[PDB]
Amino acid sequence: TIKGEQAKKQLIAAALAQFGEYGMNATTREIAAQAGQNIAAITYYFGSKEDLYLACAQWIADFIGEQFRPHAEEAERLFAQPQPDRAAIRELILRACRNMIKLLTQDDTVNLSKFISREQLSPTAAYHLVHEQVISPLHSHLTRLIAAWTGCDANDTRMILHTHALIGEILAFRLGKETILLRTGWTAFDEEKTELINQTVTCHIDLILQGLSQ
């Protein structure tokens, strides 16, 4: 039971790396070897390679959800006040963006990004599980905060597109990781360099918020 939860945790971590690189042409053999387990553990603990692929998506959704939950709760508390400040709405936008930038310049989330990025261009049931549980709630959370600050309608197609483009700036330092490392000459991100990325994206958000403001 507790022996099995450690085995399951190693299997998910190894599957995330192999699926992230190879999709469903990852092998149970290589997943099990990287996990320090026998190939039978995949069938025993998860049912099949296919079921382990979905458990990888579930793990990613749970991981993002635990990061996202406190931001949603803080926003609900702010909008419960009779007179929220526009400055406080902006601060929620920036705390969400800085938290995403931080996680997306961290080595140990790279396999999560690989797994999701593959599913963005070839979606399976895995993508829709993560989308419904957390990616859509996070996208809508940012769309509504931006609409709340600017005074626009969060459900307008244009607002959704505006927000999507902005999120692309946050994602560019992970999805364009090798491009920006070579172009800056940095061999790796560190705290000082993540702070520069924060300032860059914060600047663009402020400019776009001010331009959209009613």
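The numbering used is simple: start at 1 and walk along the sequence shown.
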If you average the Cα B factors in the entry, which is higher, 163-171 or 28-36? 28-36
Going by the average Cα B-factor in the PDB entry, point out whether 80-88 or 102-110 comes out higher. 80-88
Could you tell me which third, lowest, middle or highest, the C-alpha B-factor of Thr143 occupies within its chain? lowest
In terms of the CA temperature factor given in the entry, to which third of its chain does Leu129 belong: lowest, middle or highest? highest
Select lowest, middle or highest to describe the third in which the CA B-factor of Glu119 falls within its chain in this entry. lowest
With respect to C-alpha B-factor, does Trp149 fall in the lowest, middle or highest third of the chain as deposited? lowest
Looking at the C-alpha B-factor of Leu52, is it in the lowest, middle or highest third of its chain? lowest
